[PDB]
Each structure stands twice: as C-alpha cells, then as structure tokens.
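**Student:** Okay, handing you the structure first.
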Amino acid sequence: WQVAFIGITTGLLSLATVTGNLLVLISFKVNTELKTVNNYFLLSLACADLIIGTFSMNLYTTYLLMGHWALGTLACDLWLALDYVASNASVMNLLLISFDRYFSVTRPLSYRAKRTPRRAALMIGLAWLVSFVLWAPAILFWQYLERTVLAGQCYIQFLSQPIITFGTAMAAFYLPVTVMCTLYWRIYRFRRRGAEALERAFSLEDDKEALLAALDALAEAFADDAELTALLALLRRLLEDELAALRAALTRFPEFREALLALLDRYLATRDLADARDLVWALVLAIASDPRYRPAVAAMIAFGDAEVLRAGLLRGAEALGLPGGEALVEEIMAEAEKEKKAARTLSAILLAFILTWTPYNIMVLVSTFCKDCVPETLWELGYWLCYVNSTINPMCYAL
Ligand SMILES: CN1[C@@H]2CC[C@H]1C[C@H](OC(=O)[C@H](CO)c1ccccc1)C2
C-alpha cells in the first residue's frame with residue numbers, strides 16, 4: 001500500500017521524463033530549424049534531463065522503495081556520475097543562457113556576430129566539459145584517491161561535510177541562483193526602464209524628462225557602438241555649435257535614414273517639445289529595421305510590450321514614413337513575441353529550478369544552523385522534488 005503508492009507515481013512520471021526527452025532530441029534531427037543557438041542550449045538541457053530521468057530518477061525511487069540497493073549496487077558510481085554531470089550541465093546551462101541573454105540585451109551588437117550556430121557548439125561543449133571535469137572524473141575516480149565506493153550505499157563519496165555541502169549548495173544553487181537573480185534584476189529593471197520610458201513618451205507628450213530618460217535607456221542599450229552611443233548622447237544634449245557632426249552619425253548607416261534628417265530638422269528647427277518624441281520613435285523603428293539591431297530592441301520590447309510599445313512603434317513608423325512600415329512593425333513585434341516566449345521559458349525553468357531545488361537548499365542551510373531541524377521524510381520530498389525539475393523541462397518547451 002504505502003510502497004506501491006510512491007512507486008506508481010514515479011513510474012509514470014519517469015515515462016513522461018524520458019518520452020519528452022527522446023521526442024525533443026530526435027526533433028532536432030527531424031526539423032532542421034531547432035538547431036539554432038537559442039534552442040541549442042535546450043538540446044543540452046534535454047540530454048541532461050534524459051540522462052537523469054533514465055538513470056537517476058528510476059534508480060533513485062528503486063533505492064527509496066526497495067532498500068536492497070544500499071551498498072549492493074556497484075553501478076551507483078555511474079548513476080551518480082550521470083546524475084551530477086547532468087544536474088551541473090543544467091545549472092551551468094541555465095547560467096549560460098542567463099549570461100547569453102544579458103550580453104544579448106546589454107552588448108547586443110558585440111554578440112550579434114559572436115553568437116552563431118557554430119560558436120554555440122563551442123560554448124555548449126565548454127560548459128559540458130566544465131561540468132565533466134567537475135563531476136565525472138570526481139564522482140567516479142575520487143574513491144581511488146579507498147578503491148571501492150567509499151562507504152557508499154548509493155550516495156557520493158566526497159559530499160560528506162557540512163562545510164563542503166554548504167559550499168556546493170552555494171557554488172551550484174546559492175551563488176548561481178543569486179547571480180542569475182542579479183542578471184534578472186538588471187535585465188528586468190533595464191527592460192522596465194525602456195518600457196516605462198517608451199510609455200511615458202506615448203502616454204505623455206509634455207514631459208521632456210521622459211524623452212531624456214528614454215534616450216538614456218537607449219544609450220544604456222546601445223553602448224557598444226561609438227556611432228550609435230555618440231548619436232544618442234548628441235540627441236540628448238541637443239535638447240538638454242557642433243551639430244554638423246550629428247548628421248555624420250546619422251548618415252553612417254543610411255538605408256532609409258533619408259527621412260531621419262528631415263525629422264531631425266523638423267524637431268530641432270521648431271524648438272519642438274513633442275516632435276522629439278516622434279524623432280526618438282522613428283530612430284527606434286529605424287534601428288529595429290536593421291539586420292544587426294533587431295534582437296537588441298526586441299529584448300527591450302519583450303516585457304512592457306502589452307499595449308504601449310505596439311502603439312509607440314506604430315506611431316514611430318507613421319512618423320518615419322516608410323512605405324510598408326506596417327509589415328516591418330508586425331515582423332518586429334513577431335520577434336518581440338519570440339523574445340517574450342523565450343524569456344517566459346527562462347522564467348519558467350528558473351522558477352521550477354528554484355521551486356524544486358530551494359527546499360533541499362533551504363534544508364541544507366538549516367543543516368548547519370541547528371542541524372536537527374527537519375525530519376527524513378521532508379529531506380526525501382525535497383530530494384525527489386529536485387528531480388521533478390527534469391519532468392517539467394520538456395513540458396516547458398512544449399507550452
Ligand atoms: C543531488 N541531486 C539532487 C537532484 C539533482 C542533484 C542536485 C540537487 O542538489 C543540489 O542542488 C546540489 C548543490 O547543493 C548540486 C549538485 C550538483 C549540481 C548542481 C547542484 C539534489
């Protein structure tokens with residue numbers, strides 16, 4: 001009764017883990033569209049979750065119910081090598097996606113030509129090899145450093161100390177989760193500055209300070225370029241001489257920038273207080289309609305793009321005058337919705353990670369502060385919950 005209740009739940013759950021893992025991996029070779037950099041990291045995540053669903057969850061619950069595996073299975077070393085290697089290659093892949101999106105939102109042009117489907121192979125391989133040299137040599141050959149599995153019923157030999165366990169908890173969950181949460185602070189507040197500025201520039205037409213804030217947000221976005229940052233700074237200082245060089249920065253990437261000069265003249269020869277907002281929006285639209293700047297703006301039009309930014313970009317296109325700008329705006333917001341889906345997927349995986357690893361982590365923190373604080377059943381629930389993250393991961397992509 002009690003034994004069969006647990007076993008049924010994790011037997012069907014393991015099937016959902018590996019079926020989704022097997023389906024997505026063969027889907028990369030089925031459709032040649034899911035090999036891109038953004039989805040390449042998901043491939044490594046899927047391989048890791050496949051490993052820890054095939055060889056870690058099943059054996060974990062088999063140990064938990066049929067306690068006949070304690071100190072009786074010599075494949076436990078391989079099982080935990082795969083376990084820790086896949087778990088760490090999922091943690092490092094989560095932080096690698098976090099750093100990749102932070103550098104694609106704050107350095108989106110240095111990373112434009114530095115994030116291709118061939119450098120993804122190198123980045124993913126470096127992450128996987130780092131996880132390997134961390135765990136697989138260690139988890140396996142630490143015993144040789146006690147030839148048998150050192151007193152190991154199923155567990156890992158070198159994770160036996162409160163300080164060592166706390167250090168792993170920090171450097172794998174704690175420190176990475178705070179790091180990711182810091183880049184999420186930066187990215188969320190950055191996209192929020194962009195969205196609030198571009199909304200006060202659309203919901204208010206008499207606030208020249210909101211326009212300055214929008215230009216400052218764009219400069220914080222487009223800081224890699226000398227030309228673009230110089231143009232934004234000059235446009236901010238124009239309203240907040242050497243204005244001849246201003247058109248040199250405007251005519252440095254002229255594809256449809258002919259109307260940019262006309263808008264600049266109209267907004268700087270009439271001492272405009274609101275036509276500068278139209279100029280800023282036309283500049284944003286022109287930047288968006290570029291093969292290199294599209295992800296840069298698309299990242300910032302991910303968060304606040306409910307209603308305000310669609311209207312803002314539409315007004316900018318209507319002021320720019322592009323013959324066919326509606327299709328360009330539709331494509332730009334399609335890219336923005338793709339960025340929104342990617343960000344929501346990142347948030348879902350991060351929240352599942354934090355909602356399934358925290359409990360174990362929290363109990364690890366209190367395992368050095370009055371150690372006798374939680375019973376064995378709560379610990380087992382937390383440890384199994386950590387594996388539940390693998391089950392959700394294919395479902396995160398599918399939704
Ligand atoms: C031990 N298993 C269960 C399920 C997967 C793995 C990790 C979870 O435990 C942790 O979070 C540690 C850090 O303390 C850790 C160790 C290796 C890599 C990343 C993170 C619990």
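Scheme for the structure tokens: letters A, B, ... for chains in order shown; per-chain residue numbers from 1; ligand numbers from 1 in order shown.
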Which protein, DNA or RNA residues have an atom within 9 Å of ligand 1, counting only C-alpha atoms and all ligand atoms, as a PyMOL selection string?
**Tutor:** chain A and resi 52+56-57+80+83-92+131+135+155-156+165-174+356-358+360-361+364+382-389
**Student:** Assign secondary structure with DSSP using the backbone only, and return the residues of segment 36-192 of chain A in helix (DSSP H, G or I) as a PyMOL selection string.
**Tutor:** chain A and resi 37-65+76-106+119-141+162-192
**Student:** Residues at most 12 Å from segment 312-317 of chain A, counting only C-alpha atoms, excluding those fewer than 3 positions away in the same chain, as a count of residues only?
**Tutor:** 54
**Student:** For segment 8-14 of chain A, work out the shell of residues within 12 Å, counting only C-alpha atoms and skipping chain neighbours fewer than 5 positions away, then give it as an MDAnalysis selection string.
**Tutor:** chainID A and resid 1:3 19:21 49:62 64:65 384:385 387:392
**Student:** Using only N, CA and C atoms, please write the residues we just selected to a file, as an mmCIF file, in the first residue's frame.
**Tutor:**
```cif
data_model
loop_
_atom_site.group_PDB
_atom_site.id
_atom_site.type_symbol
_atom_site.label_atom_id
_atom_site.label_comp_id
_atom_site.auth_asym_id
_atom_site.auth_seq_id
_atom_site.Cartn_x
_atom_site.Cartn_y
_atom_site.Cartn_z
ATOM 1 N N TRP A 1 0.826 -1.202 0.000
ATOM 2 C CA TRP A 1 0.000 0.000 0.000
ATOM 3 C C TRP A 1 0.863 1.256 0.000
ATOM 4 N N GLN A 2 1.600 1.464 1.094
ATOM 5 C CA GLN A 2 2.464 2.636 1.195
ATOM 6 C C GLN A 2 3.583 2.590 0.162
ATOM 7 N N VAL A 3 4.173 1.413 -0.049
ATOM 8 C CA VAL A 3 5.258 1.287 -1.018
ATOM 9 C C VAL A 3 4.734 1.483 -2.435
ATOM 10 N N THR A 19 10.133 10.175 -22.371
ATOM 11 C CA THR A 19 9.427 10.306 -23.642
ATOM 12 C C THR A 19 9.584 11.709 -24.212
ATOM 13 N N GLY A 20 9.411 12.730 -23.371
ATOM 14 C CA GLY A 20 9.654 14.090 -23.821
ATOM 15 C C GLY A 20 11.113 14.334 -24.151
ATOM 16 N N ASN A 21 12.017 13.738 -23.372
ATOM 17 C CA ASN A 21 13.441 13.856 -23.662
ATOM 18 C C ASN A 21 13.793 13.200 -24.990
ATOM 19 N N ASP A 49 18.523 16.072 -18.926
ATOM 20 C CA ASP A 49 17.306 15.578 -18.290
ATOM 21 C C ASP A 49 17.005 14.145 -18.710
ATOM 22 N N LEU A 50 17.334 13.785 -19.952
ATOM 23 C CA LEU A 50 17.219 12.397 -20.379
ATOM 24 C C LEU A 50 18.120 11.504 -19.542
ATOM 25 N N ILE A 51 19.359 11.937 -19.303
ATOM 26 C CA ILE A 51 20.279 11.133 -18.503
ATOM 27 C C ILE A 51 19.731 10.942 -17.093
ATOM 28 N N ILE A 52 19.284 12.033 -16.462
ATOM 29 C CA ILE A 52 18.832 11.931 -15.071
ATOM 30 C C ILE A 52 17.396 11.453 -14.936
ATOM 31 N N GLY A 53 16.700 11.208 -16.039
ATOM 32 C CA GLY A 53 15.410 10.556 -15.964
ATOM 33 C C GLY A 53 15.509 9.076 -16.267
ATOM 34 N N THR A 54 16.435 8.708 -17.153
ATOM 35 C CA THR A 54 16.641 7.300 -17.464
ATOM 36 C C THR A 54 17.414 6.596 -16.356
ATOM 37 N N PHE A 55 18.497 7.210 -15.874
ATOM 38 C CA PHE A 55 19.411 6.517 -14.979
ATOM 39 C C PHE A 55 19.435 7.054 -13.557
ATOM 40 N N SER A 56 18.686 8.109 -13.252
ATOM 41 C CA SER A 56 18.739 8.716 -11.928
ATOM 42 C C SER A 56 17.419 8.677 -11.178
ATOM 43 N N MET A 57 16.307 9.049 -11.815
ATOM 44 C CA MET A 57 15.024 9.024 -11.120
ATOM 45 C C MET A 57 14.562 7.594 -10.864
ATOM 46 N N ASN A 58 14.664 6.732 -11.879
ATOM 47 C CA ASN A 58 14.242 5.343 -11.721
ATOM 48 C C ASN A 58 15.048 4.646 -10.636
ATOM 49 N N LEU A 59 16.377 4.726 -10.720
ATOM 50 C CA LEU A 59 17.216 4.117 -9.698
ATOM 51 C C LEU A 59 17.033 4.776 -8.340
ATOM 52 N N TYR A 60 16.758 6.080 -8.305
ATOM 53 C CA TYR A 60 16.514 6.753 -7.036
ATOM 54 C C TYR A 60 15.285 6.184 -6.344
ATOM 55 N N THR A 61 14.172 6.075 -7.069
ATOM 56 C CA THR A 61 12.962 5.548 -6.448
ATOM 57 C C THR A 61 13.068 4.055 -6.173
ATOM 58 N N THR A 62 13.813 3.319 -7.003
ATOM 59 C CA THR A 62 14.074 1.916 -6.712
ATOM 60 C C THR A 62 14.846 1.755 -5.410
ATOM 61 N N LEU A 64 14.758 4.024 -3.002
ATOM 62 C CA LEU A 64 13.899 4.549 -1.947
ATOM 63 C C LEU A 64 12.896 3.502 -1.474
ATOM 64 N N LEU A 65 12.295 2.760 -2.403
ATOM 65 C CA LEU A 65 11.305 1.752 -2.033
ATOM 66 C C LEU A 65 11.962 0.414 -1.704
ATOM 67 N N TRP A 384 13.517 14.343 -4.001
ATOM 68 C CA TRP A 384 12.717 13.907 -5.141
ATOM 69 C C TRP A 384 12.195 15.099 -5.934
ATOM 70 N N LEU A 385 11.833 16.184 -5.246
ATOM 71 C CA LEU A 385 11.379 17.386 -5.934
ATOM 72 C C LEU A 385 12.463 17.931 -6.850
ATOM 73 N N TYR A 387 14.458 16.257 -8.604
ATOM 74 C CA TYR A 387 14.351 15.503 -9.851
ATOM 75 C C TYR A 387 13.121 15.902 -10.653
ATOM 76 N N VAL A 388 12.082 16.415 -9.988
ATOM 77 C CA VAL A 388 10.854 16.782 -10.689
ATOM 78 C C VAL A 388 11.126 17.868 -11.721
ATOM 79 N N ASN A 389 12.166 18.678 -11.502
ATOM 80 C CA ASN A 389 12.550 19.693 -12.479
ATOM 81 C C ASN A 389 12.796 19.077 -13.851
ATOM 82 N N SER A 390 13.343 17.860 -13.882
ATOM 83 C CA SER A 390 13.574 17.181 -15.151
ATOM 84 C C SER A 390 12.267 16.903 -15.877
ATOM 85 N N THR A 391 11.227 16.515 -15.137
ATOM 86 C CA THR A 391 9.942 16.219 -15.764
ATOM 87 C C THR A 391 9.331 17.466 -16.392
ATOM 88 N N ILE A 392 9.424 18.606 -15.705
ATOM 89 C CA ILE A 392 8.809 19.831 -16.204
ATOM 90 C C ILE A 392 9.552 20.372 -17.419
#
```
**Student:** Identify, on the basis of only C-alpha atoms, every residue whose closest approach to residue 225 of chain A does not exceed 9 Å; exclude the query and any residue fewer than 3 positions from it along the same chain; express the result as a PDB file with N, CA and C atoms, in the first residue's frame.
**Tutor:**
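Output (result.pdb):
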```
ATOM      1  N   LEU A 109      25.336  43.871 -29.858  1.00  0.00           N
ATOM      2  CA  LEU A 109      25.961  44.060 -31.159  1.00  0.00           C
ATOM      3  C   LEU A 109      27.350  43.439 -31.201  1.00  0.00           C
ATOM      4  N   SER A 110      28.061  43.462 -30.073  1.00  0.00           N
ATOM      5  CA  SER A 110      29.262  42.646 -29.948  1.00  0.00           C
ATOM      6  C   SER A 110      28.912  41.164 -29.993  1.00  0.00           C
ATOM      7  N   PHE A 222      22.440  50.666 -26.328  1.00  0.00           N
ATOM      8  CA  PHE A 222      23.360  50.773 -27.459  1.00  0.00           C
ATOM      9  C   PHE A 222      24.609  51.503 -26.984  1.00  0.00           C
ATOM     10  N   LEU A 228      26.542  54.873 -32.559  1.00  0.00           N
ATOM     11  CA  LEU A 228      25.188  54.912 -32.011  1.00  0.00           C
ATOM     12  C   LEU A 228      25.152  55.608 -30.655  1.00  0.00           C
ATOM     13  N   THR A 229      26.110  55.301 -29.779  1.00  0.00           N
ATOM     14  CA  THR A 229      26.158  55.972 -28.484  1.00  0.00           C
ATOM     15  C   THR A 229      26.411  57.463 -28.650  1.00  0.00           C
ATOM     16  N   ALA A 230      27.295  57.837 -29.580  1.00  0.00           N
ATOM     17  CA  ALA A 230      27.540  59.250 -29.842  1.00  0.00           C
ATOM     18  C   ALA A 230      26.284  59.938 -30.360  1.00  0.00           C
TER      19      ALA A 230
END
```
**Student:** For residue 363 of chain A, find every residue with an atom within 9 Å (counting only C-alpha atoms), except residues of its own chain fewer than 5 positions away, and show them as a compact mmCIF listing (two decimals) with C-alpha atoms, in the first residue's frame.
**Tutor:**
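Saved result, selection.txt, follows:
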```
# COMPACT_ATOMS: atom_id res chain seq x y z
CA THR A 358 15.21 25.55 -2.90
CA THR A 368 24.33 23.86 9.76
CA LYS A 371 21.08 20.68 12.22
CA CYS A 373 15.58 20.88 12.29
CA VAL A 374 13.88 18.73 9.61
CA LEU A 378 10.95 16.21 4.34
CA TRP A 379 14.50 15.64 3.10
CA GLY A 382 12.99 17.78 -1.30
```
